[PDB]
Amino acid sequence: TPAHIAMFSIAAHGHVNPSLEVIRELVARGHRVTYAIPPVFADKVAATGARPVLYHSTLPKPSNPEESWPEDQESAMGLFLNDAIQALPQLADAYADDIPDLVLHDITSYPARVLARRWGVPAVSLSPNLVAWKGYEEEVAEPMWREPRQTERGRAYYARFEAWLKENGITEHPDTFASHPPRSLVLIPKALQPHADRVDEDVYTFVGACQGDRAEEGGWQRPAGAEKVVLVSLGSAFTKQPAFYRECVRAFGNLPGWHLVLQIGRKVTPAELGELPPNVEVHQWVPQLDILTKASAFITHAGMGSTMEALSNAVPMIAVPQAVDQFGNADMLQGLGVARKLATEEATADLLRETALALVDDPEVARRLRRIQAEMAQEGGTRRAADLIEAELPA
């Protein structure tokens, strides 16, 4: 019947946007859903009809320029452990008189896995990124995560992680606890999961995506004459590239028929870019998904969320990866023939312009984009995700 579903995430657009429509659907079907979220995102999540349950997070918030995420994986996992340790008691208290029938959580929310186990309720991981295949432990986890860190920093990380887990009655190795959920819905296109053939289907179910108007974000109107709209965005975090943005202005400025929407983040000011020609507009934040329904090209850092939205609208990409997993994703995008990967250094005005002109006229990039878009249309929709979640509800 109508149950209590509690969703858990952090204040990061890439970890909240991919599941908003699913939360909205669960509310619409009559479930009472709470959304554990840091205060800066309360409004953003309240837009789904779920009630925000607030808690203080120590992770970098996207609104504050004084903060930034690290570029390396090991520092990020450090951040997630620290945040989890201080966030768990707050969330335990907040939910002490109302324990949900099911727990939904983004991959970053360790407290949700701990509270799920201590409560005895099911937990569903919602992954806005790729998941472990069978053989992940021997192919990447041991060679690239564990074996390169037999350091005092590594040993400290594991000692604190396992002390925290064992403090909470959990005996799993920290790495299986973090990287191997018992049940997960994968919100990315199968076409972009490495070794999708070897992903345990009894654990993971690809639901691809379904995106609706984030009407809260407002709209963007195509200006008159703008035949080819190109959006430039390096995301929410790794956005401090003023030299690259100036190269974008010089690649598309005054190009007849092209219009450039340049999203520069909040650590670069428009003044840093010089005089702007009439066909280029600059923002520190854009309604990105609305612009991707109208864009002919997307110059992206290849973050998972932006890539998902672009593929969902079948817009060709120039992938300029900035940090962490983006490089791998850029490579996959190029490996699928829907994007060109450029390093930030080599992204000069002339090569940006000729790469964009090439991508938008290439019939083969369009047909591989439509194929991926149809595959995503066929891994169910939001209603299949809500069905699988409801299926995890007990009696």
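Note that residue numbering follows the sequence shown and begins at 1.
Between the two ranges 91-99 and 210-218, the one averaging a larger CA B factor in the entry: Between 91-99 and 210-218, it is 210-218 that shows the higher mean C-alpha B-factor.
80-88 versus 248-256: which one carries the higher mean Cα B factor per the record? Mean CA B-factor is higher for 248-256.
Between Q263, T300, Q288, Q73, which one tops the list for C-alpha B-factor in the PDB entry? If I rank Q263, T300, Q288, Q73 by C-alpha B-factor, first place goes to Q73.
Can you tell me which of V131, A112, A163, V280 has the highest Cα temperature factor in the record? Highest C-alpha B-factor among the listed options: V280.
Ordered by C-alpha B-factor within the chain, which third holds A295? Give me lowest, middle or highest, please. Tercile = lowest for this residue's CA B-factor.
CA B-factor ranking of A385, expressed as a third of its chain: Top third by C-alpha B-factor.
Where does the C-alpha B-factor of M332 rank in its chain, lowest, middle or highest third? It belongs to the middle third of the chain when residues are ordered by C-alpha B-factor.
Compare the C-alpha B factor of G274 with those of the other modelled residues in its chain, then answer lowest, middle or highest third. Its C-alpha B-factor belongs to the highest third of this chain's values.
For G235, does the deposited CA B-factor place it in the lowest, middle or highest third of the chain? For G235, the deposited C-alpha B-factor lands in the lowest third.
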